[PDB]
Every structure is written in structure tokens, then in C-alpha cells.
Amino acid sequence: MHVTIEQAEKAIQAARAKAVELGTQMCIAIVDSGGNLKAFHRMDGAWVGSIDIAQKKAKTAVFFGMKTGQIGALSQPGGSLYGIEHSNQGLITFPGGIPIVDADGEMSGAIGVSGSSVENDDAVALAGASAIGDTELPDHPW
């Protein structure tokens, strides 16, 4: 399965609602299981630099089937994936990207959020992904 545009827009609206509740102005990106952009929403007032980061976060999450901050926990100096961010035209490995997982457990795309603290980004991404699916893959080696 691929994330449909209807699903992507529902997730964007759920994410935007959580952003407004937290008092934030976010960029919200949805990509499909190929990393290709499916939908994008820059809230009024959101940081311009967050446009690229939201899309890179979604890409990173779908490229590896993992929330972005979980990759960053492995890519610190000394870590097993130090330097992974150079790959794939640039990854983002701090929180804000979350895989979207369909009913039969397959990853159909991902959401990426940027524009506030990384903790607020994660909470907004989670609200957006949870409105359309499960958000986690089991048995991940990382």
C-alpha cells in the first residue's frame, strides 16, 4: 500500500491541529514509500529553514522504517552509524519524522515535522501519523 492523498491530507490536518494546540507554527511533509513527496503544508509564520527539514525528516523515516531520532541515537560520534547523514542527499536524524504503517503492518509512507523544539515536532508528527495508521514497525534491527 501507498499513502493516498486523502490519507496524507487527513494526517496533515491532525498534525496542524496538534501544532496549534502547542502554540507552534510547523512545516508538515508526507512522502510515499519511495521517498517521493505526496503532500506538503507550511503553516503561516513557520521557519523557512523548516521547509527542507520537514521533507528530509519524512524521507529519512521512510528510507529506514524508523523514527528519525532513533537513527540519531545511533549516529553520534562513536556510534555504529556515525556519518549516515551524508547519504541520500542529506538525512535528518533528530525527532520529527515518523513512519506511516498500514493495517497489515506495511510502511506506506511517512510524515515529517519541523518548526519548534524537537519534542514538539515529534508530538505533532505522532498526532498526524496516528490519525491514519500505526506508526511503528516491529523487530527493527536498529
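From 1 onward, residues are counted along the sequence shown.
The stretch 98-106 shows the higher mean C-alpha B-factor when 98-106 is compared against 111-119 in the entry. Once the C-alpha B-factors are averaged per stretch, 125-133 and 11-19 rank with 125-133 first.
The residue among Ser87, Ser33, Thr60, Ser75 whose C-alpha carries the highest B-factor in the deposited model is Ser33. Ranked within its chain, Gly49 lands in the lowest third, by CA B factor from the PDB record.
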